[PDB]
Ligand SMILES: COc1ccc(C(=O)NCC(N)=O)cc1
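We begin with a single chain expressed as structure tokens, specifically the form solved without the ligand.
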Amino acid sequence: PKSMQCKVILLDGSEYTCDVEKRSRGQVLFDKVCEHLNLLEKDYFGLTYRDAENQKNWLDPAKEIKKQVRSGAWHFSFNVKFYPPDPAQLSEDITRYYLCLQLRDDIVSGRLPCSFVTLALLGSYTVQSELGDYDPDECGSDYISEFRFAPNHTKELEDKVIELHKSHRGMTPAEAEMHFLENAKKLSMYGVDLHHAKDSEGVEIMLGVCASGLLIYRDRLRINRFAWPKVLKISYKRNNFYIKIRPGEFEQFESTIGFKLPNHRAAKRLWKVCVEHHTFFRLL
């Protein structure tokens, strides 16, 4: 039986390497990574790969790996796919731990915008979990953490992390991680997967996919929201993406809203992530 080497970037930035039979489905590799991570609450997570256009794609666990990566390398990242709206209800601390690691990357990358004070507060809970109690011996007036907290670091931010870290004396790692998540879950872009698109006029918008529904970001003024219950059909055709909205009370007709994506692969990718979010979260 011929086997293909897989490299998976883990959320702490280390590499997991394993082999699978070359006709293996995505679930096979995912199960190996999840066993490596001692992770049981696996339904929130997935593997990503980069396609020949360098776009992030979810590895479909039901389909052959080779039919997804095609000409590309068998190189993956382990990621949160469905962000829990209420991380306190997850069964295991280790699940909360991986969710924190993902969110730390979402913050540092700028995918998850965050006020100065919330960057410092989240940073302070990370430091508490990772180093434990504040120690002045390691932290002088000139201290800069090895920990990445933000898309740009300033000394003011480093100082505020330390001031808040001092307040967390006695806090255990699982407790600090739960505080991290209770704060992160409130951020307007928490667990929002953003897609560039054009409205049926030609105006550049962003489409956001998350637990609560589909978001349309036109600009700083006027954000549209379609809760998943209010969506009966999602479809794509060529470069276009459409959603079938349920009629409101006493309306005769459903209403269909349409968007232009960069290319056909982008429209298909947005359709699939919407269907998957809809299916996963219509049990809330």
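All residue numbers refer to positions in the sequence shown, first residue = 1. Shifts are known only where both forms have a C-alpha. Note that the rigid core is defined as the largest set of C-alphas that superpose within 1.5 Å between two forms.
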Review point. Between 68-76 and 142-150, which has the higher average C-alpha B-factor in the PDB entry?
Key: 142-150
Revision key, fill the gap. When mean C-alpha B-factors in the record are compared for 118-126 and 189-197, the larger belongs to 189-197
Exercise for review: Could you say which of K42, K63, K32, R222 has its CA atom at the highest B factor, as listed in the PDB entry?
Suggested key: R222
Review point. If you compare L37, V28, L47, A227, which has the highest Cα B-factor in the entry?
Key: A227
Practice item. Select lowest, middle or highest to describe the third in which the CA B-factor of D135 falls within its chain in this entry. Key: highest
Study note, to complete from the structure: Assert third(CA B-factor, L283) within chain per record equals highest
Practice item. Tell me, lowest, middle or highest third: where does the Cα B factor of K2 rank within its chain? Key: highest
Review point. Once the chain's modelled residues are ordered by C-alpha B factor and cut into thirds, is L59 in the lowest, middle or highest one?
Key: lowest
**Study point:** Third of chain Cα B-factors occupied by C210
**Key:** middle
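What follows is about the form solved in complex with the ligand, which we do not show.
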Check your understanding: Taking the shortest heavy atom distance, is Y134 within 4.5 Å of the ligand in the deposited bound form?
Key -> no
Practice item. Give a yes or no for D19: in the deposited bound form, does one of its heavy atoms lie within 4.5 Å of a heavy atom belonging to the ligand? Key: no
Review point. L37: heavy atom within 4.5 Å of the ligand in the deposited bound form?
Key: no
Review point. Do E251 and the ligand come within 4.5 Å of each other in the deposited bound form, heavy atoms counted?
Key: no
**Study point:** Heavy atom within 4.5 Å of the ligand in the deposited bound form - qualifying residues of 24-43
**Key:** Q27, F30, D43
Review point. Listed by sequence position, which runs of three or more consecutive residues have C-alpha shifts of 2 Å or more between this form and the one not shown, the rigid core held fixed?
Key: 220-222
